[PDB]
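In this analysis, Cβ positions are derived from the backbone assuming ideal geometry, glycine residues included, and neighbour counts consider all displayed protein chains. Bear in mind these aren't lab numbers, they're just calculated from the coordinates by the rules spelled out.
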Amino acid sequence: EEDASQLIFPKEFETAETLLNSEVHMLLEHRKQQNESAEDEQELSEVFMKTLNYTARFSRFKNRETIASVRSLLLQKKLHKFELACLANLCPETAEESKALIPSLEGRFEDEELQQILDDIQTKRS
Amino acid sequence: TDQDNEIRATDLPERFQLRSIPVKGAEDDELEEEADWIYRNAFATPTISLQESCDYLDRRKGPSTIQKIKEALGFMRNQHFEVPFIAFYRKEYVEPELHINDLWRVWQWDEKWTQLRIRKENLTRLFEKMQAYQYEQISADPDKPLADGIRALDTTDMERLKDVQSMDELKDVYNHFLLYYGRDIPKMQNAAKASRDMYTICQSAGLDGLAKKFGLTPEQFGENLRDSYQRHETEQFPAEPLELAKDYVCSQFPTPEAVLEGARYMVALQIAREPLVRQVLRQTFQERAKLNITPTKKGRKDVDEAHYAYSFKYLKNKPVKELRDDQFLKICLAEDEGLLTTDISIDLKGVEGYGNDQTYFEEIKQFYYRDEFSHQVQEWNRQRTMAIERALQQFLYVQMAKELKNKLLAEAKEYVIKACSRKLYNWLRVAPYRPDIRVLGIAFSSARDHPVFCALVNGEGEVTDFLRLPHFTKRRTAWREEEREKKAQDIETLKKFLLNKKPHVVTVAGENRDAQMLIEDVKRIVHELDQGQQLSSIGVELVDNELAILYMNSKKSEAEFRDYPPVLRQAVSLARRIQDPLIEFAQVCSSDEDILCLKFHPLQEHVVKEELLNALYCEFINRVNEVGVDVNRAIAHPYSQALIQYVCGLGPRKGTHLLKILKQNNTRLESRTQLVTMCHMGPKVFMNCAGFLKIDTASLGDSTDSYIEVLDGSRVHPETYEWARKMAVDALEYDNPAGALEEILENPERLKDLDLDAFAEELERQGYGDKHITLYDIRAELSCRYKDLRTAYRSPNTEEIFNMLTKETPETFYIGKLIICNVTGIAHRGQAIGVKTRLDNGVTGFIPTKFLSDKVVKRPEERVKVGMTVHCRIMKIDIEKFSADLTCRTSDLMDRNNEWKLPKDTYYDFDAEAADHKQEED
Amino acid sequence: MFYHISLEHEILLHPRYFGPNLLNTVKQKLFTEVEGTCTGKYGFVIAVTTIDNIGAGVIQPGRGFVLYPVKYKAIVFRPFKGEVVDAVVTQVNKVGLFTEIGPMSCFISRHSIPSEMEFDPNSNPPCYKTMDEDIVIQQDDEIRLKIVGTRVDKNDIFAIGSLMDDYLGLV
């Protein structure tokens, strides 16, 4: 009974901090680099390969500088981690599109500043 | 289900109805377009990779085949004639360019044309709807010029869609259409209904207007690429790229460099999506593409000499044209397992300094360049250079390389399917055994304790008696006395059985090398009977038991012979197979995909199952129709009923229904006419299958009060019965129709006196077309009714016997291969010559004393013992004696000089291989 | 949805490894243990980033082994009902579409597809299409789907998705 429509989440997502697809891609590729140097190592699971390919293909941001800049930008606004991560990973192109994608977003913040934040996300992409 | 009832009633070939895309009539114009399209894409289009012609019926084609293809299309599309009917009764229209197998290719490619035609129709509607909706804005305000973001969907785009000849070109048109009009279609849908990514960012920001100032349109640049020169001169603009960039600067693109960066993407993407650019590059990749392979960490240790990817472990600058047969499939399979990584590129890798090493990007850089030294031109030239650089590497190189790999992979899979078809055709082409019939099939198991079961089948393949020999596998020369006594008793038991039953031929399963020992025992027993002339000579044959094994496993054998053990059941199949391989193969291979259980090709499992299955069943249809099917024999012998489904124009459903009516009426198929009067067969279905169904008129006898047509037991189609009667009348030089036909069959020698050349004109004069081929076929049938065209049975040769018993092939058993053998003794001639070994496949190996070790060997006794396992390398192979010379020297195993290892690829990257293991040592 | 959470796991150690490299074999076993697993409470576990601390292991009487409580920070991918995510089409047939979100696989039912889409068995690549053919989804396409259900199978949760809402389609 936990979803974005209600935002009534467990004590665990209350404690943990969410990550974006580009950060997860960076972390997984770093892990892959460390694993490859390892010798006589139970190789990485095929599931990890599939997840890595998925994360790399849909990575909206390409460098750690861009990721840090986006993180600071979104950290400035008063946004919960779940909405922040969902907007950053999907990256809606229009304010109406984001309103439709995340119902929780509508009715919370004004749309002129949402258009501004969305355009900032677009400009962050490279 | 009700679908089967509809198919049973419909007067169309069952396979035609079962086709995914329903067969529809084709107009003359459509036939002409389809015939040319089929010929270009199916017979006149060489494969990129090296593929040898699989055609085996012939005992390439020019434009003349287009007319033949059109004739074949008309017979199928309009007249609903199946491929077997056309190849057997419409030869004059399709031959000699088109054969039965080629007609299948046309039939297969006929389906491809229809789907491509349908897609073009759908895209045409979409283009028209966009063309109309876009015009709505112009209609309201014609004065206002179209915005730079609103391209004109002119007839050039529409005609380009009409000129599409392939799916790949269709996608280019569709992708090009979406790039410019993809955004507005959802608005188009609402307007039509009511009336009844990174690209879009640059459009909203207005960078599209800037994108038009770079010098050329995507279509213009594509023309330059096509002609390989500056067909269109780039238009220069006064202001520098940065000066125009600041004009488009906004919140989305603050810096001028970002403005140019965003604009540059539009040019690169637009160039990539241009179908003309895509078409030109698509041709370029097919001409200069090269394959590079580098093993992964996993493959660096997994790909040893015995691995199937050893030959292409390292590849450097190997043109795709060099790939042959299923070489690419193995490369893809190795990649699928993570053993290596592939790369398709049009530029040489690590070949710096080679003459004319400029990459494809450099060659076309001058096709979008302005030759001026002005500073502004250089900036614009620099801006132009990066856009194409992005266009090639980011989009065109990636898409085209992927497209080529799919094209290359499909060709490799097609070869594998072609190989599978060849194997099945050879098995089905073997004619029934003809003694120089009653068959005694003998089968045995690899285990020593297992007995030997002999199954006797009469002429119709019905089991009449069987023999069990508990100790037939034992050697009559065994030193132990009881074994000889046990072996001796079984010999006489078979001797008495042979004397009474008098089988015409004895077939022994080629389970293993022990089959040879059984052959000698059976032959010796027959020799004793023939020595005293108490019994005629009985043929002894060795038959592969792969099909027999499948029947032993198949649950169908259980129903037929519940009490017969598996070894005895396979004995029946071996005896049945020699009697008629086609019947056995069809009966053994049921609708449960049991055919795939047979080993056609090593990589037959890596190809499309539906494509492989369709090709295999085509061989059955071709062979079954050629041989013919006897309905009366099937009714009396249910096991032979599996041939009716393969009959032309019947299929599994109608074929099963045909037996049901005949068995329901408790009558026989006395004449072909009964298929319509009694079985209620449609005229179209009758046309396809009437000539391929045989009735044994002589077997009917006087019990059949109704009229019996002698021609019903011949390939002559009912439509040409009057022609056959006329031919018989002319042969005897009469001056009745039922008398000459009967007499000529008894003495057909008078047929040669006929002048069939003259008879052709008379038919042509009265409007029957060219029938010279048909007339010759009619004359041949009169000489011999339903003469078997299958290849005469012959005993397996030495090469086949070695493969049959050892289950080994040259690819898997070759000189220099590393094998494992067990020592069984020391070869003597005190004095010794080497060590004798036995392989797991039954081959007896021999290790000479000199090859027994790197250093000199004094006595072989201490080096190896009986039962010891020694790793050895094959030096020579003696298939005739199932012997092979072996060496176990440590230096030989190491093979530092690579003398024993299999040949590597011509473009093998030895430099990469040397470096890889060199870094490993460090 | 990918997540970064700290979890705890107790690893048992045979006395064979009570040597200088004990702490290393502890983390090696943790990595081999947790990585690749899936759980309903925490979803898939993608990778182990760091190890916060290794508690003092305990000697279990009679048994030779020693147990260590290893608190560790890991990446987990947990989907939710009513969540819009990107997915990759991997196989397309007449019954419907099959997509993948990271490790998870999804199947889109006909009732989750907009009425404009219609099944087409005649096409060579089976696909979902409408008469206008404005949007075409085929194998390897990127789609945006709404998760409608969660079902846990053999310690492997599988989800069913949907694209029935507005603006969910190939972009």
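Some observations on this one:
- A simple spin-label model places pseudo-atoms 7 Å from Cα toward Cβ; at B:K120 and B:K193 they are separated by 3.1 nm.
- Other protein chain C-beta atoms within 10 Å of residue C-beta, averaged over B:182-191: 2.
- Length released on extending from B:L902 to B:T890, taking residue separation times 0.36 nm less the Cα-Cα span: 2.5 nm
- For chain B, share of DSSP beta bridges that run antiparallel, in % to the nearest 5: 75 percent
- Local electrostatic count, B:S795, Cβ distance below 15 Å [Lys/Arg +1, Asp/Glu -1]: -3
- Within a straight-line Cα-Cα reach of under 15 Å, B:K817 can be paired with the following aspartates and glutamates, leaving aside sequence neighbours fewer than 8 residues apart in one chain: B:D304, B:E305, B:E808, B:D840, B:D878, B:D885, B:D892, B:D895, B:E899.
- Over 31 Å between alpha carbons, listed pairs B:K423/C:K129; B:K423/B:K876; B:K865/B:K901: B:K423/C:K129
- Pairs exceeding a 31 Å alpha-carbon distance, out of B:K193/B:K405; B:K297/B:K418; B:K301/B:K405: B:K193/B:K405; B:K297/B:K418.
- Among residues other than A:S5 with Cβ under 14 Å from its Cβ, the summed charge is -3 (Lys and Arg +1, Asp and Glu -1).
- Helix A:64-76 and the longest principal axis of the Cα set of chain A meet at an angle near 30°.
- Order by protection proxy (mean Cβ within 10 Å, highest first), peptides B:430-436, B:574-580: B:574-580, B:430-436
- Zone residues, region B:234-267, relative to A:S69, backbone N less than 16 Å from point 7 Å out along Cα-to-Cβ: B:250-262
- CD proxy at 222 nm, helix term only [per DSSP H run n ≥ 4: -39500 (n - 2.57); per residue of chain B; nearest 500]: -15000 deg cm²/dmol
- Trypsin sites (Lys or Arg not before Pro) within region B:865-907, DSSP loop, no more than 11 other Cβ atoms inside 10 Å: B:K865, B:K881, B:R896
- Distance from the Cα centroid of region A:1-62 to that of region B:398-475 is 52 Å (rounded to whole angstrom).
- Peptides B:324-334, C:114-124, A:31-41, B:31-41 ranked from most to least packed give B:324-334, B:31-41, C:114-124, A:31-41, packing being the mean of other C-beta atoms within 10 angstrom over each peptide's residues.
- Mean sequence separation of contacting Cα pairs (under 8 Å, at least six apart), scaled by the length of chain A, corresponds to a relative contact order of 31 percent.
- Solvent-free Debye scattering, log10 I(q)/I(0), computed from the Cα coordinates of chain B at q = 0.05, 0.10 Å⁻¹: -0.46, -1.26
- Convex hull volume of the C-alpha atoms in chain C, normalised per residue: 142 Å³.
- Per-residue shielding of A:90-101, expressed as the average number of other chain Cβ atoms within 10 Å of the residue Cβ, stands at 3.
- For region C:1-80, a Kirkwood radius taken over Cα pairs fed into Stokes-Einstein (25 °C, viscosity 0.890 mPa s) yields D = 183 µm²/s.
- Binned Cα-Cα distance frequencies in region B:741-854 - 10 Å width, integer %: 10, 22, 16, 8, 9, 11, 13, 9, 2, 0
- Within chain C, the longest run free of exposed loop sites, counting trypsin sites (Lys or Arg not before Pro) that sit outside DSSP helix and strand states (H, G, I, E, B) and have at most 13 other Cβ atoms within 10 Å, spans C:95-153.
- Nearby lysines by direct alpha-carbon distance to C:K29 (threshold 21 angstrom, same-chain neighbours under 8 apart not counted): A:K32, C:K71, C:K73
- For B:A391, net neighbour charge (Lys/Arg +1, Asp/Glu -1) across residues whose Cβ lies under 13 Å away: +4
- Rg over Rh, two decimals, the protein assembly as shown (C-alpha only, Kirkwood Rh): 1.02
- In this label model, B:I661 and B:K301 are separated by 7.0 nm, measuring between points 7 Å along each Cα→Cβ vector.
- The simple spin-label model puts a point 7 Å past each Cα toward its Cβ; for B:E746 and A:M49 those points are separated by 7.8 nm.
- Residue list for region B:254-277, given a label point 7 angstrom along the Cα-to-Cβ vector of B:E379 and an amide N cut-off under 12 Å: B:256-257, B:260
- Computed from the Kirkwood radius of its Cα pairs, the Stokes-Einstein diffusion coefficient for region B:77-189 at 10 °C and 1.306 mPa s stands at 92 µm²/s.
- 26 Å Cα-Cα threshold exceeded, pairs from B:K365/B:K904; B:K807/B:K881; B:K298/B:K904; B:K501/B:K787: B:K365/B:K904; B:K501/B:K787
- Principal-axis tilt of helix C:22-34 within chain C, Cα atoms, nearest 10 degrees: 20 degrees
- Per residue, the convex hull spanned by the Cα atoms of region C:81-171 amounts to 95 cubic angstrom.
- Note on C:125-134: average number of Cβ atoms from other chains within 10 Å of each residue's Cβ is 4.
- For B:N426 and B:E762, a Förster radius of 35 Å and the Cβ-Cβ distance give a FRET efficiency of 0.25, rounded to the nearest 0.05.
- Rounded to 5, the percent of DSSP beta bridges in the protein assembly as shown classed as antiparallel: 85 percent
- Global size of chain A as Cα Rg and Dmax, reported in angstrom: 16.7, 56
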